[PDB]
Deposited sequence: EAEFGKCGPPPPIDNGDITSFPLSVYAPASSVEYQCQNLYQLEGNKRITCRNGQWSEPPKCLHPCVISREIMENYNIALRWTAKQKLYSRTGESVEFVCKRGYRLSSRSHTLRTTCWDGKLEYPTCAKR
């Protein structure tokens, strides 16, 4: 029961050079592209001619310059991309007030989804 080449995953690849054929109980590991987050077991194993399930690569968020502008917000602690799981902090632009919910200036990027707060002229 040999396996054949491990399956592809989006935005990532195996950490080894692939083989044509793979012994039973052999394993390979995956790595995601920069700023992508591995979800699931990064290792797969060959057994009974089949591979176990490969991981997935969770997207980072590409922070919009600027939906930030038409929401009248900017980044606090100014220096962008954020990783899945990272919190990002915003401020209202000068002369503006938070018009979204009370907490919405701090938000968490997840798999490419980021909830922008909004501000409005006071």
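Missing C-alpha coordinates mark the following deposited-sequence intervals, in order: 1-4, 84-86.
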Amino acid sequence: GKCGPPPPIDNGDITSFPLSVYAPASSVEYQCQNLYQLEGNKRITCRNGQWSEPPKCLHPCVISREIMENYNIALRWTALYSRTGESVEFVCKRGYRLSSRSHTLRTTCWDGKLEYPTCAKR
From here on, numbers count along this sequence of modelled residues.
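Here 35-43 and 90-98 are compared by their mean Cα B-factor, and 90-98 comes out higher. Across the two stretches, 10-18 and 101-109, the PDB entry reports the greater mean Cα temperature factor for 101-109. Highest CA B-factor among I67, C61, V28, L58, as stated in the entry: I67. The entry lists a Cα temperature factor for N72 that places it in the middle third of the chain's modelled residues. Residue-level temperature factors show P54 in the middle third of its chain, judged at the C-alpha atom.
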